[PDB]
Amino acid sequence: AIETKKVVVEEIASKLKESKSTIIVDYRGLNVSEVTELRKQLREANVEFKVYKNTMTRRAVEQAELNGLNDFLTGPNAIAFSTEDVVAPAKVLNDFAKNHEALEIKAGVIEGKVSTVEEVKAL
Amino acid sequence: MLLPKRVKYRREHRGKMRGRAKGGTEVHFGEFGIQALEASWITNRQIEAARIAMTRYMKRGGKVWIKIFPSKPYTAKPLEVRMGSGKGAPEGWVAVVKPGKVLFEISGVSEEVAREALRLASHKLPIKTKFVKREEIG
Amino acid sequence: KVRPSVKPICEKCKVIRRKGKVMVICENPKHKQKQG
Amino acid sequence: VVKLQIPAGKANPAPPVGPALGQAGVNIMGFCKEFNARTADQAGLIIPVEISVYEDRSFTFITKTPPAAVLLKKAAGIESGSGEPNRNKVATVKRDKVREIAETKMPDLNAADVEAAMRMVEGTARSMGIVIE
Amino acid sequence: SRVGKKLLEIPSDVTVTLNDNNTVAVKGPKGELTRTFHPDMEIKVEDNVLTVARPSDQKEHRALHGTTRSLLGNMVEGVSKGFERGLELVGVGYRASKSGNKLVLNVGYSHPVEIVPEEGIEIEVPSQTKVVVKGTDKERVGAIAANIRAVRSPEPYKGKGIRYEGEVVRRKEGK
RNA sequence: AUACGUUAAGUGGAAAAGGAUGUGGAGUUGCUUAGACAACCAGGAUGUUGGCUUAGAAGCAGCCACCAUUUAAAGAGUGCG
């Protein structure tokens, strides 16, 4: 179970310095659809963005216990968490929204995440 | 195919097997080895049938071990000859076998391949046998 | 086929006793077998 | 979508292209001028080209670099590598020379970084048995 | 991790009698059924929820307990949604058409084929290819589906006669 | 007859090598409510069939150095092709 702690402690370090994030459903997650997003990360930055689909209520929600206490509602069903390190927010909220509109994975109608104390409506 | 270069006597008594093996019960020259559960005669041809079965499946690997060299002849009177009128002749050779004895040994071989080579030998040998490994207390 | 020592031939094969007689069944018809 | 290795300098006869893309509804006469256009910069080489197939019989093509590790034979200076790599280290290449090779493969490579583009080529140089120095 | 412990909701309207010993006369708009039950099983009716419980962990009881729930779920659905099984005829001259309640089948045998459905079952023929056997009883609809299949065993070399939709008959290469 | 069990084939009331999710006990061990075996919905690697080859055969003539990256994940390959 020691390996599971590495899954937990490391991601929390990002969330403590995290700026913005967005809901992404895992359904019909084609590998080609992922690469189109991964290339966008290469423009915005490098490895700093995180895809980690460790979205168990027993997993990521425990990380949310410290900060971002709005994940409890988003927790049921498939999720694909994203985290920012530096990068002033702008396109990150917009780029994923453009992808789902052109087929490729349900957006979940954007359940939303931390920005202030709100949920829905990407800007 | 293994036969003695010489023997002191052309023929010998068949004997009476009983009890635990006098020795060689514990494998150590090889990482793994077949161990008989009972005791029965084994003709020289049966031994050759086992080693040939292993050399093909093993491919490249360590040398096959043979702890048992046959020494006791089995008498074979010619067919339709009437009883008595002298003892017959040794058609071949048979090693003495005792329960718990290590019939064969193998070493330097991977764990998966080792399970099979011991198994194919078990079919050629009429005696029931079981998988065995080296002990190191030790 | 019917042999006293029925054995699996491939991973798809499955051992299932039926009516007191063990039978191995597989997606490939050739691998179908019954003991006794 | 049917990939093909159409030569850069020529595009017209049926046996290389022809029916194989002609059954796709592609208008062969209208695209052959295009193959000779952008590929003219690298004439004399066999350039692979992806071919997406739109329902409206519109088409857009993407040219690619000549195949990998062929360049490694040139940097090594030897026409052919060992049939027994590592066991027979016939050739050696400096790490800086590899940098010149990886940059050429960038449009073809999906590698995220130039440092990662190095590591991709390193797995190809070992196939030739060439030492990385 | 287990079968019969799971609850079974009744969407409705499906009443369930608890007459001994033990007969379960499920009732509703589509039909009625009375599955046999040996006394060792214990059926109970929570509000709009059928329930089943095991008397003991013994291996014989472990087998019977998982069957009783699966049957009752098959029963309620047939009293509601019902059931049907498609049959894809394949060939050239093959065709089928009803003649009264009887289902004539123009199978490639020179002899005409006819099959009579049992009461509570009907067989519409929307198309010459497809065949649909509607019925409230899964044990019976699957039996009739087998009896229709009996008329023509499928040929591995070529798609012919009865074939489940969908199912891949093994390919064979002739010469 | 009493008490603890076992057996389901008529074994009991006929043998063997060998074969088997038969069943009753005992022991060891992997994983496991920071998540198990079943699933049902997700995706399958990137350069690449990659070296040496056989007309060409790209997960696969077969012999292998069988590499490193994209990473929630995948062998330059488990398999039916």
# chains A, B, ... in the order shown; residues from 1 in each chain; ligands from 1
call {"tool": "select_by_dssp", "arguments": {"residues": "stretch 119-170 of chain E", "states": "alpha helix (DSSP H)", "output": "PyMOL selection string"}}
result
chain E and resi 138-150
call {"tool": "closest_atom_pairs", "arguments": {"of": "chain F", "to": "chain B", "cutoff": "12 Å", "atoms": "only C-alpha atoms (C1' of nucleotides)", "output": "tab-separated table"}}
result
residue	atom	partner	partner_atom	distance
F:16	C1'	B:126	CA	10.5
F:17	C1'	B:126	CA	6.8
F:18	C1'	B:123	CA	8.4
call {"tool": "residues_around", "arguments": {"residues": "residue C:33", "least_positions_apart": "2", "cutoff": "6 Å", "atoms": "only C-alpha atoms (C1' of nucleotides)", "output": "list in words"}}
result
residues 1, 2, 23 and 24 of chain C
call {"tool": "select_by_dssp", "arguments": {"residues": "stretch 8-133 of chain E", "states": "strand (DSSP E or B)", "output": "ChimeraX atom specification"}}
result
/E:8-9,16,19,23-26,33-36,42-46,49-53,83,86-87,90,95-99,102-106,113-115,121-124,132-133
call {"tool": "residues_around", "arguments": {"residues": "stretch 1-13 of chain F", "least_positions_apart": "3", "cutoff": "12 Å", "atoms": "only C-alpha atoms (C1' of nucleotides)", "output": "ChimeraX atom specification"}}
result
/C:19-20 /F:22-25
call {"tool": "residues_around", "arguments": {"residues": "stretch 132-134 of chain B", "least_positions_apart": "4", "cutoff": "7 Å", "atoms": "only C-alpha atoms (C1' of nucleotides)", "output": "MDAnalysis selection string"}}
result
chainID B and resid 27:28 31:35
call {"tool": "closest_atom_pairs", "arguments": {"of": "chain D", "to": "chain F", "cutoff": "9 Å", "atoms": "only C-alpha atoms (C1' of nucleotides)", "output": "tab-separated table"}}
result
residue	atom	partner	partner_atom	distance
D:68	CA	F:47	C1'	8.2
D:81	CA	F:51	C1'	8.3
D:82	CA	F:52	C1'	7.8
D:83	CA	F:52	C1'	4.8
D:84	CA	F:65	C1'	7.5
D:85	CA	F:65	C1'	5.0
D:86	CA	F:65	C1'	5.9
D:87	CA	F:65	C1'	8.1
D:108	CA	F:47	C1'	7.8
D:109	CA	F:47	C1'	5.6
D:110	CA	F:46	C1'	6.4
D:111	CA	F:69	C1'	7.3
D:112	CA	F:70	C1'	8.1
D:116	CA	F:69	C1'	6.9
D:117	CA	F:69	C1'	8.6
D:119	CA	F:68	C1'	6.0
D:120	CA	F:68	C1'	6.0
D:121	CA	F:47	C1'	8.2
D:122	CA	F:68	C1'	7.2
D:123	CA	F:67	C1'	4.3
D:124	CA	F:50	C1'	7.1
D:126	CA	F:65	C1'	6.4
D:127	CA	F:51	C1'	4.7
D:128	CA	F:51	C1'	6.0
D:129	CA	F:65	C1'	6.7
call {"tool": "write_last_selection", "arguments": {"atoms": "N, CA and C atoms", "output": "CSV table (one decimal), in the first residue's frame"}}
result
chain,number,residue,atom,x,y,z
D,68,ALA,N,13.6,6.4,-41.0
D,68,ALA,CA,14.6,6.5,-39.9
D,68,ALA,C,15.6,5.4,-40.0
D,81,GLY,N,25.2,-2.2,-41.1
D,81,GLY,CA,25.5,-2.5,-39.7
D,81,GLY,C,25.7,-4.0,-39.5
D,82,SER,N,26.2,-4.3,-38.3
D,82,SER,CA,26.4,-5.7,-37.9
D,82,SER,C,25.1,-6.5,-37.8
D,83,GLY,N,25.2,-7.8,-38.2
D,83,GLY,CA,24.1,-8.7,-38.0
D,83,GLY,C,24.0,-9.2,-36.6
D,84,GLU,N,25.0,-8.8,-35.8
D,84,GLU,CA,25.1,-9.2,-34.4
D,84,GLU,C,25.4,-8.0,-33.5
D,85,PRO,N,24.4,-7.1,-33.3
D,85,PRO,CA,24.5,-5.8,-32.6
D,85,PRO,C,24.9,-6.1,-31.1
D,86,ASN,N,25.7,-5.1,-30.6
D,86,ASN,CA,26.3,-5.2,-29.3
D,86,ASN,C,27.4,-6.3,-29.1
D,87,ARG,N,27.1,-7.5,-29.6
D,87,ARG,CA,28.0,-8.5,-29.6
D,87,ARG,C,29.2,-8.2,-30.6
D,108,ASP,N,8.5,14.2,-38.3
D,108,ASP,CA,8.0,12.8,-38.3
D,108,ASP,C,7.8,12.3,-36.9
D,109,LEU,N,8.8,12.6,-36.0
D,109,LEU,CA,8.7,12.2,-34.6
D,109,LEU,C,7.6,12.9,-33.8
D,110,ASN,N,7.0,12.1,-32.9
D,110,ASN,CA,5.9,12.6,-32.1
D,110,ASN,C,6.5,13.1,-30.7
D,111,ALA,N,7.8,13.1,-30.6
D,111,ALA,CA,8.5,13.3,-29.4
D,111,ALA,C,8.2,14.7,-28.8
D,112,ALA,N,7.9,14.8,-27.5
D,112,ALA,CA,7.6,16.0,-26.9
D,112,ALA,C,8.7,17.0,-26.8
D,116,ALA,N,14.1,14.5,-25.5
D,116,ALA,CA,13.4,13.2,-25.7
D,116,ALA,C,13.6,12.7,-27.1
D,117,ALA,N,13.7,13.6,-28.1
D,117,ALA,CA,14.0,13.3,-29.4
D,117,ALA,C,15.3,12.6,-29.6
D,119,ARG,N,16.6,10.6,-27.1
D,119,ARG,CA,16.4,9.2,-26.6
D,119,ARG,C,15.7,8.3,-27.6
D,120,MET,N,14.9,8.9,-28.4
D,120,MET,CA,14.2,8.1,-29.5
D,120,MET,C,15.1,7.6,-30.5
D,121,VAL,N,16.0,8.4,-30.9
D,121,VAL,CA,17.1,8.0,-31.9
D,121,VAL,C,18.1,7.0,-31.3
D,122,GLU,N,18.3,7.2,-30.0
D,122,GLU,CA,19.2,6.3,-29.3
D,122,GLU,C,18.8,4.8,-29.3
D,123,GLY,N,17.5,4.6,-29.4
D,123,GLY,CA,17.0,3.2,-29.5
D,123,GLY,C,17.1,2.7,-30.9
D,124,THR,N,17.3,3.6,-31.9
D,124,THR,CA,17.6,3.2,-33.3
D,124,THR,C,19.0,2.9,-33.5
D,126,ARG,N,21.2,1.8,-31.5
D,126,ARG,CA,21.5,0.5,-30.9
D,126,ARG,C,21.1,-0.7,-31.8
D,127,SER,N,20.1,-0.5,-32.6
D,127,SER,CA,19.7,-1.5,-33.5
D,127,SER,C,20.8,-1.8,-34.6
D,128,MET,N,21.6,-0.8,-34.9
D,128,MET,CA,22.7,-0.9,-35.8
D,128,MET,C,23.9,-1.5,-35.1
D,129,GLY,N,23.8,-1.5,-33.8
D,129,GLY,CA,24.9,-2.0,-32.9
D,129,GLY,C,25.9,-0.9,-32.6
call {"tool": "residues_around", "arguments": {"residues": "residue C:29", "least_positions_apart": "2", "cutoff": "12 Å", "atoms": "only C-alpha atoms (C1' of nucleotides)", "output": "list in words"}}
result
residues 1, 9, 12, 13, 24, 25, 26, 27, 31, 32 and 33 of chain C; 156 and 170 of chain E
call {"tool": "write_last_selection", "arguments": {"atoms": "C-alpha atoms", "output": "mmCIF file, in the first residue's frame"}}
result
data_model
loop_
_atom_site.group_PDB
_atom_site.id
_atom_site.type_symbol
_atom_site.label_atom_id
_atom_site.label_comp_id
_atom_site.auth_asym_id
_atom_site.auth_seq_id
_atom_site.Cartn_x
_atom_site.Cartn_y
_atom_site.Cartn_z
ATOM 1 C CA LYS C 1 -12.655 -37.404 -29.048
ATOM 2 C CA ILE C 9 -4.691 -28.142 -25.180
ATOM 3 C CA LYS C 12 -9.488 -21.309 -24.356
ATOM 4 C CA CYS C 13 -10.174 -24.865 -23.163
ATOM 5 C CA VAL C 24 -13.142 -30.313 -21.876
ATOM 6 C CA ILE C 25 -14.823 -27.692 -24.056
ATOM 7 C CA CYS C 26 -13.283 -25.039 -26.321
ATOM 8 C CA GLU C 27 -14.257 -22.482 -28.968
ATOM 9 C CA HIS C 31 -10.285 -29.475 -28.696
ATOM 10 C CA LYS C 32 -13.606 -30.831 -27.415
ATOM 11 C CA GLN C 33 -13.021 -33.988 -25.354
ATOM 12 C CA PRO E 156 -20.060 -23.648 -41.163
ATOM 13 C CA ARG E 170 -17.086 -20.249 -37.954
#
call {"tool": "closest_atom_pairs", "arguments": {"of": "chain A", "to": "chain F", "cutoff": "12 Å", "atoms": "only C-alpha atoms (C1' of nucleotides)", "output": "CSV"}}
result
residue,atom,partner,partner_atom,distance
A:1,CA,F:34,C1',7.1
A:2,CA,F:34,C1',9.0
A:3,CA,F:34,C1',9.5
A:4,CA,F:34,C1',6.2
A:5,CA,F:34,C1',7.1
A:6,CA,F:34,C1',10.3
A:7,CA,F:34,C1',9.2
A:8,CA,F:34,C1',8.3
A:9,CA,F:34,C1',11.2
A:25,CA,F:42,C1',10.0
A:26,CA,F:42,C1',6.4
A:27,CA,F:42,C1',5.5
A:28,CA,F:42,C1',5.4
A:29,CA,F:42,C1',5.7
A:30,CA,F:43,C1',5.5
A:31,CA,F:43,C1',6.0
A:32,CA,F:43,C1',9.4
A:33,CA,F:43,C1',10.1
A:34,CA,F:43,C1',9.8
A:35,CA,F:70,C1',8.3
A:36,CA,F:70,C1',11.8
A:37,CA,F:70,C1',11.8
A:38,CA,F:70,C1',8.6
A:39,CA,F:70,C1',10.3
A:42,CA,F:70,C1',11.6
A:46,CA,F:70,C1',11.9
A:47,CA,F:71,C1',9.8
A:49,CA,F:71,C1',11.3
A:50,CA,F:71,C1',9.4
A:51,CA,F:72,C1',6.6
A:52,CA,F:72,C1',4.9
A:53,CA,F:72,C1',4.5
A:54,CA,F:72,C1',7.0
A:55,CA,F:72,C1',9.5
A:56,CA,F:35,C1',9.9
A:57,CA,F:34,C1',10.4
A:58,CA,F:34,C1',6.8
A:59,CA,F:34,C1',6.6
A:60,CA,F:34,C1',10.0
A:61,CA,F:34,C1',11.1
A:62,CA,F:34,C1',9.0
A:63,CA,F:34,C1',10.9
A:77,CA,F:41,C1',10.9
A:78,CA,F:42,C1',9.4
A:79,CA,F:72,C1',10.5
A:80,CA,F:72,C1',8.2
A:81,CA,F:72,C1',9.8
A:82,CA,F:72,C1',11.2
A:105,CA,F:42,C1',10.0
A:106,CA,F:42,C1',11.9
call {"tool": "residues_around", "arguments": {"residues": "residue E:149", "least_positions_apart": "3", "cutoff": "8 Å", "atoms": "only C-alpha atoms (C1' of nucleotides)", "output": "PyMOL selection string"}}
result
chain E and resi 145-146+152-153+161-163
call {"tool": "write_last_selection", "arguments": {"atoms": "C-alpha atoms", "output": "JSON list (two decimals), in the first residue's frame"}}
result
[["chain", "number", "residue", "atom", "x", "y", "z"],
["E", 145, "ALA", "CA", -36.24, -20.74, -30.86],
["E", 146, "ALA", "CA", -34.44, -24.07, -30.59],
["E", 152, "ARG", "CA", -31.98, -26.31, -40.24],
["E", 153, "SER", "CA", -28.67, -26.78, -38.46],
["E", 161, "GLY", "CA", -30.95, -21.37, -42.40],
["E", 162, "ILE", "CA", -31.50, -20.22, -38.83],
["E", 163, "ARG", "CA", -28.86, -17.95, -37.30]]
call {"tool": "atom_distance", "arguments": {"atom1": "atom CA of residue E:5", "atom2": "atom CA of residue E:29"}}
result
28.0 Å
call {"tool": "closest_residue", "arguments": {"among": "D:34, D:113, D:133, D:100", "to": "chain A", "atoms": "only C-alpha atoms"}}
result
D:113
call {"tool": "atom_distance", "arguments": {"atom1": "atom CA of residue B:120", "atom2": "atom CA of residue B:51"}}
result
9.6 Å
